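Report on the following structure.
In this analysis, Cβ positions are derived from the backbone assuming ideal geometry, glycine residues included, and neighbour counts consider all displayed protein chains. What follows is calculated from the coordinates using simple rules that are stated; it is not laboratory data.
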RNA sequence: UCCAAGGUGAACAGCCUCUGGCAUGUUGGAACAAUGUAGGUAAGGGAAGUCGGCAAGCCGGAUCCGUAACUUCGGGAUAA
RNA sequence: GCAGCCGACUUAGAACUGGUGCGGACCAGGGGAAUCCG
RNA sequence: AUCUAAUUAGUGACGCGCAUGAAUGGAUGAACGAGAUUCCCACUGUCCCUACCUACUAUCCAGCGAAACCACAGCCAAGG
RNA sequence: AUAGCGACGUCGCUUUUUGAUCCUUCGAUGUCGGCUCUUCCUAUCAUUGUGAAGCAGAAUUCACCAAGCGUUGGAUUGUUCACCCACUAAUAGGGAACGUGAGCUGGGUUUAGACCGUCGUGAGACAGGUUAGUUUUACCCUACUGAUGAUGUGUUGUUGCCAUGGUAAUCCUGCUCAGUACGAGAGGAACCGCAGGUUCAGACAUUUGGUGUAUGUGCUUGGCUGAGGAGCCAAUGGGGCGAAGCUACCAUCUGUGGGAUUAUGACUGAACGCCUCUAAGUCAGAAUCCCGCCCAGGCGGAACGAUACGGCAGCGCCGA
RNA sequence: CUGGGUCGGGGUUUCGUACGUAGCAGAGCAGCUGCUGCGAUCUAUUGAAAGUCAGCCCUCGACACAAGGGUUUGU
Ligand SMILES: [Mg+2]
Ligand SMILES: [Mg+2]
Ligand SMILES: [Mg+2]
Ligand SMILES: [Mg+2]
Ligand SMILES: [Mg+2]
Ligand SMILES: [Mg+2]
Ligand SMILES: [Mg+2]
Ligand SMILES: [Mg+2]
Ligand SMILES: [Mg+2]
Ligand SMILES: [Mg+2]
Ligand SMILES: [Mg+2]
Ligand SMILES: [Mg+2]
Ligand SMILES: [Mg+2]
Ligand SMILES: [Mg+2]
Ligand SMILES: [Mg+2]
Ligand SMILES: [Mg+2]
Ligand SMILES: [Mg+2]
Ligand SMILES: [Mg+2]
Ligand SMILES: [Mg+2]
Ligand SMILES: [Mg+2]
Ligand SMILES: [Mg+2]
Ligand SMILES: [Mg+2]
Ligand SMILES: [Mg+2]
Ligand SMILES: [Mg+2]
Ligand SMILES: [Mg+2]
Ligand SMILES: [Mg+2]
Ligand SMILES: [Mg+2]
Ligand SMILES: [Mg+2]
Ligand SMILES: [Mg+2]
Ligand SMILES: [Mg+2]
Ligand SMILES: [Mg+2]
Ligand SMILES: [Mg+2]
Ligand SMILES: [Mg+2]
Ligand SMILES: [Mg+2]
Ligand SMILES: [Mg+2]
Ligand SMILES: [Mg+2]
Ligand SMILES: [Mg+2]
Ligand SMILES: [Mg+2]
C-alpha cells in the first residue's frame, strides 16, 4: 500500500477509499470524499475551512 | 409477422417460480458425491452474514498486469460459531428414491436447540425429548438403541449428522437455534457411523470443516423486495413518456391465437426472498474468535503479518445493523446472497477444480476496519485519538 | 500480452471531445466504437484506450468532412483501477491515429491515461505525462 | 356592481401579516406494495430518442457598455 | 452672496467585510441563419 | 452545387412546365404571426438506462354504497 | 457434360407477393406503419461437428446433421420496402387474425375548415399535392403473475425424499504456438496453454456514483412573534454538505459434469471365390437430445418428538 | 436473579466552531475633555454546539414491568 494525504483536507487516505483527479496540466490531486472534492472544485481555500489540518496548523491549534 | 429487430429475452426461465421461498434457511439440494477413499469429514456448515469490507492483497498470476502487484477486493464476513452435533440420521436407496431409515438423538439436548421444536416457547412447558432421553440410562434402552445402530450400519448407505447452531454466542435477538443435516462423506458406513457416534453432543468448529483458499458454495435466501412491477422484476424496457395508461409496463402480452398469456411473459409480482445457490466463492481467511489467554483477551484476529496491529475484524462502531463478531468467522471473496444477520449455508464444492483461480494461494497484507456507519476515516480508536488529540469531553 | 481490464465507459456515440495533438483538429465527434457488437437500442460507448471512428467538426478544412480512426486518452467519467483508486480527468480528449496505430500528429498536450499508454505504445512515446 | 389596511416590491403582480371570516370543501383510522396522477433530483454523454426537441429544461429584474443583415427609414432591438 | 431653523426621498463615489455569495424566496424574454403563406 | 460520416428532407440553380403565369391577379417585400418547414449555438432523463424522494390514491378497516353487462356458461391440441 | 454452372425442355413444393372467387362477418371482428414483448418455422448468415472443390497456405465456394445461441448503432422517408455511413462474427429469411390501438402513438390513409393544379357551365370530382383536425370502458369469466388456503396421514411440530414440471450460458480478442507448417515469392495458419473482454443470467453495497423531508446540520430572501436568544410561515421558501436505506456495466461478485447417439470417418466381415463401414456383430463421434448442477415441490410418501388432571377428568395399550 | 422495554451514559458518524462573556481587533462615525456610545465582521473560550434508530454498536446506571388473557384440538 501507499498510504497518502488528501489534497484539500490533508487527512490520511487509505487504499480502498478516496478519489483521484487529474487536471489538464498534470497536477494530480487526491480527495478523501465528495465533501473535500466539491470544496476543491468550487475553489474554496483550505485556510478558511475550520476542520482542515491546514487551518489548524495555521491557527496553531492543538500541540 | 416476425420481429423487425431481434433481442435476447429478458430474465431467465430457469428460476421461473419467482415466489417467496417456502423456507427461511438455505437448503442443501445436493451434497458432494461420496467416495470411500477419503477420510470422514463434514460437507456443510451454518454461518451468519455480518458485513463487507476491503482487503489489500498481493496477486500471483503470470500473464496479467496485476502479477506482482497488489489490489483491493471486497470480502464478506460470515460469523460461524462452532456447531453442536445432536443426532444422526440414516438413508437407504429405494427404487422410489432415497428414503430415511432411522434417526438417533443424543442424550443431552440444549434448550436453545429445543426452542426449534416449539412455535411458542413462553407458553410451552418444554416437554420435548423428556421421555426419549430416558432410553440412554437404562439397560433396556441401551440394548434398544445399540441394535438400532447396528441395523443402521447394516442397511443404510447415507449418513447425515443432525447438528444445530449455537445462537447463545451471537449478538442477535433470536435465541431459537437453527439445525440441519450435514451429510458425512468418508469411508464405509461402519466407520462413517462410529465416527459420528462420539461426535454426538459435541462441538464442531468450522476450522476443521473448511480450509483456507478453498472454493465453496453459498446457499441462502435473497433480500426481500415485496411486490414489484415488471420493469424492476424483469428489467424490461421502459415505455416512452407519451404512454397513456402508464409506462412502467410491458406493451404486448402476446399474440392473438395462442389465446392465452404464456408462462414466459414478464408479469408483475414478488421480487426477492428467493432461494439461491451461488458456487465458487473463495475463502480468504478463517478467523479466530476472542479468547482469554492468561487474564487479558486476544483480539487481533484481523492483524496480518504485514500490518502487525491489534485491531479486531470488527470495524469502528461495530457492523451496521448486525453487531460485533466475537467468534471464529469466515471471510469470503465478493458479495454473497441474503441480508445482514441472515443465516447462510456453506457447502463444499461439487466440482473438482484445476484452475489458476481455484488453486491460487491467498496472502492478505491489509484488512480494512474503518467505520461503515458513514465515510470511515480511521482504522482504530487509538490512531483516531492520536491524530485528533485531546477533546473538550475530557 | 495482457488485454485491458474493463473500465467504465462514458463516451457514447455523439460525443465531441478535445483533440490533443498538433494535427490542427480541435474537435472529435465520436462516430462508432471499434470492437463493439452491441444489442438493441444500446448506444456504442467508448472509454479510455479504445479506438473509435471520429469526424472533425472544427479544425483545419482538409481534416473535416472525413472519417478518421482515433484513440481516447482522457475521460471525465470516473473509472476504477484494479488497485482500487477511482480516477477521472478534467476533460474528454483523444488523438487521431490510423488503423495500424501510430499517430497522425507528433505531440500530445496534457496527461495520458495509463490504460491508453500501455495499450498503444506509439502514443505513450509522444505522451508528455502519464496518468 | 360599490367599499379596499401594513411590509417587500415599478406595481390593484407574487409571498407574509392586521380588521373581518373560516374548519379544508358530501366521511374518518392504520399502513407506505405494484401501477397511476402531480411535483423534484440525477454520474458521463448531450436529441444518438421521436414523424417531429412533444415534454421538460436554458434565459429572465435592474444599472453600466455594446448592438448586424435588411428596411416601407418609422423599425429590426430587450437584436446578438 | 449671509445667519438661523426645519425637511423629504433619491443618485453617485469610497473603505471594510463574508467558505465568490448576493434580481439568494417570490416575480421574471432561450437565441441565430433561412424557405412558404397571409 | 451546398449542408452530413451517411440525407426520399432543406436551401440555391437548371426548365422540355403530365397540368406555372398576370385584379380567375404575376413578382417582390420591411414589421407582425399560439401559422407550415430546415439547419446551427445553448440547455436538458427525449434517449444510452434507469434509480431514488415527496403529496393524493390504489391497499386494509368503521360507516355508507351504485352502474355497464348477463342464452347457458367459462382449461387446452387437433379434426370436421 | 455433371469442382462450380447449365440452354431447348419437363416434374414439383410454399402460401412470407400478387391475382381469381365471394363461403363467414354490414342490430360493426376498430381498418397502415413504428414502439414494446413472447414464442414458433428452417428454405442456415455466423458459431459447434463434418464431407467436396478448378481446397498449397490465407481467403472463398458447394453439401450434410443442426434453429442451441446471436443477427447491431444511425442519416433520409409516415412508411412496409429502398439506399447509404459505421461497427461486427454475422449484420439470414419468415409466421403467430399481413401477432400485438379497453398496450401506446396517430406521422399516413379516411368525415366536417381551407389552398393549388387538372376536369366540369354549375353544384362538385381527383388511388394528385398541401395544412389543421376529441383515440371511450374492465370491478365480470378465463389465461397469466404472485398471495392465503383446501386435500388425507388421530392433533400438532421438526427434519427430510423426489414424482413431476422449468432450465442457461454465449461469442470474440490478445499472447504463445510462429513469421513456424505451406508456398518460388508475396503472404501466412491450427491444436494445447495463458490473460482478458462482448451479450445474457443470478446476486450484492465494503468502495465510487445517484437519491435525500433522519426536514440531520450550516447559509440565506420576504414577512411575523417589541428587540436579543429562540423560532415559525412561503402547498418541500431557496440553496451547500449529508447518516441509514434503496440503488447503477455508472461500483463489485459468481456462472458447472456426464450418457446414449446424428452427420461423418472406421473395424471385422459375408452376400457376389475377390471387394465392400452393413447384411449379423463392433468403434470414435458433436453449440443437437436427455440427465446432472440449478428453481418450484403432488388429493405422494418417510423418520422422529410431544401428545390435554391433580377439585374434577379426558385420553393411550391390554384383558383371542 | 432471569428477561426484554424506556430513559440515561459511552462508541461511531453528519455538519462545521453554538448562546453568553472578553478583546487596545475592527471600514469608520457621534458625544464628553484620553474617556464613553453605534458599528457588519474577526479572535479566544470552541474540531465547539446540535442530531445520531425510529430497521447503527456496547452498557450492566436508574425506572417500572414481566409467573397473564381469549379460542380450539383425541389414535
Ligand atoms: Mg429474426
Ligand atoms: Mg395520449
Ligand atoms: Mg455505509
Ligand atoms: Mg430503437
Ligand atoms: Mg386535504
Ligand atoms: Mg373535514
Ligand atoms: Mg360544497
Ligand atoms: Mg370531493
Ligand atoms: Mg445527467
Ligand atoms: Mg453534469
Ligand atoms: Mg431512430
Ligand atoms: Mg415546448
Ligand atoms: Mg432578428
Ligand atoms: Mg423563393
Ligand atoms: Mg393574418
Ligand atoms: Mg434532419
Ligand atoms: Mg428549390
Ligand atoms: Mg391557367
Ligand atoms: Mg388580363
Ligand atoms: Mg391559376
Ligand atoms: Mg368500508
Ligand atoms: Mg376485439
Ligand atoms: Mg366490438
Ligand atoms: Mg435443414
Ligand atoms: Mg387488442
Ligand atoms: Mg394526422
Ligand atoms: Mg378534410
Ligand atoms: Mg379495489
Ligand atoms: Mg426434470
Ligand atoms: Mg454508498
Ligand atoms: Mg453520496
Ligand atoms: Mg447514499
Ligand atoms: Mg435572531
Ligand atoms: Mg396562498
Ligand atoms: Mg447532494
Ligand atoms: Mg460420449
Ligand atoms: Mg454407420
Ligand atoms: Mg460408441
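Out of all the residues in region B:131-165, which are within 15 Å of residue B:86 (Cα to Cα) and surrounded by 19 or more Cβ atoms within 10 Å (Cβ to Cβ)?
B:159, B:160, B:161, B:162, B:163, B:164, B:165
Where residues in region A:13-34 are touching a residue at least 24 places away in the same chain (Cβ under 8 Å) and within 11 Å of RNA strand G (Cβ to nearest atom), which of them is farthest from residue C:112 (Cα to Cα)?
Among those that are touching a residue at least 24 places away in the same chain (Cβ under 8 Å) and within 11 Å of RNA strand G (Cβ to nearest atom), it is A:32.
Filtering region B:205-237 down to residues that are part of a strand (DSSP E or B) and within 16 Å of RNA strand H (Cβ to nearest atom), which residue is nearest to the other protein chains (Cβ to nearest Cβ)?
The selected residue is B:228.
Among the residues of region C:54-107, which ones are within 14 Å of chain B (Cβ to nearest Cβ), assigned to a loop (DSSP other than H, G, I, E, B) and in contact (Cβ under 8 Å) with a residue 60 or more places away in the chain?
Once the filter is applied, which keeps residues that are within 14 Å of chain B (Cβ to nearest Cβ), assigned to a loop (DSSP other than H, G, I, E, B) and in contact (Cβ under 8 Å) with a residue 60 or more places away in the chain, region C:54-107 yields only C:82.
Among the residues of region A:11-63, write down those that are out of contact with any strand residue (DSSP E or B) (no Cβ under 6 Å at 6 or more places or on another chain), exposed (fewer than 13 other Cβ atoms within 10 Å of the Cβ) and assigned to a strand (DSSP E or B).
If the condition is that a residue be out of contact with any strand residue (DSSP E or B) (no Cβ under 6 Å at 6 or more places or on another chain), exposed (fewer than 13 other Cβ atoms within 10 Å of the Cβ) and assigned to a strand (DSSP E or B), then A:27 is the only one that fits.
Inside region B:1-32, can you point out the residues that are assigned to a loop (DSSP other than H, G, I, E, B), over 23 Å from residue B:176 (Cα atoms), in contact (Cβ under 8 Å) with a residue 12 or more places away in the chain and within 9 Å of RNA strand G (Cβ to nearest atom)?
Result: B:9, B:10, B:11, B:16, B:18, B:19, B:29, B:30, B:31.
Take region B:113-137 and flag every residue that is part of a loop (DSSP other than H, G, I, E, B), closer than 25 Å to residue B:102 by Cβ and touching a helix residue (DSSP H, G or I) at 6+ places or on another chain (Cβ under 9 Å).
Selection gives B:128, B:129, B:136.
Which of the residues that make up region B:238-250 are loosely packed, with under 10 Cβ neighbours inside 10 Å, within 16 Å of ligand 4 (Cβ to nearest atom) and more than 14 Å from every other protein chain (Cβ to nearest Cβ)?
Within region B:238-250, B:241, B:242 qualify.
Please find, within region C:114-131, the residue that is nearest to residue C:21 (Cα to Cα) out of those that are outside any strand (DSSP E or B) and at the interface with another protein chain (Cβ under 8 Å from one of its Cβ atoms).
C:131
Are any residues in region B:193-204 surrounded by fewer than 17 Cβ atoms within 10 Å (Cβ to Cβ) and assigned to a helix (DSSP H, G or I), and if so, which ones?
B:194, B:197, B:198
Residues being touching a residue at least 24 places away in the same chain (Cβ under 8 Å) and farther than 14 Å from residue B:107 by Cβ: count how many of those fall in region B:130-148.
Residues that pass the stated criteria total 1.
Which of the residues that make up region C:9-22 are surrounded by fewer than 18 Cβ atoms within 10 Å (Cβ to Cβ) and more than 13 Å from RNA strand D (Cβ to nearest atom)?
Correct list: C:22 only.
Considering only region C:40-53, state which residues are over 19 Å from residue C:115 (Cβ atoms) and in a strand (DSSP E or B).
Scanning region C:40-53 gives a single hit, C:53.
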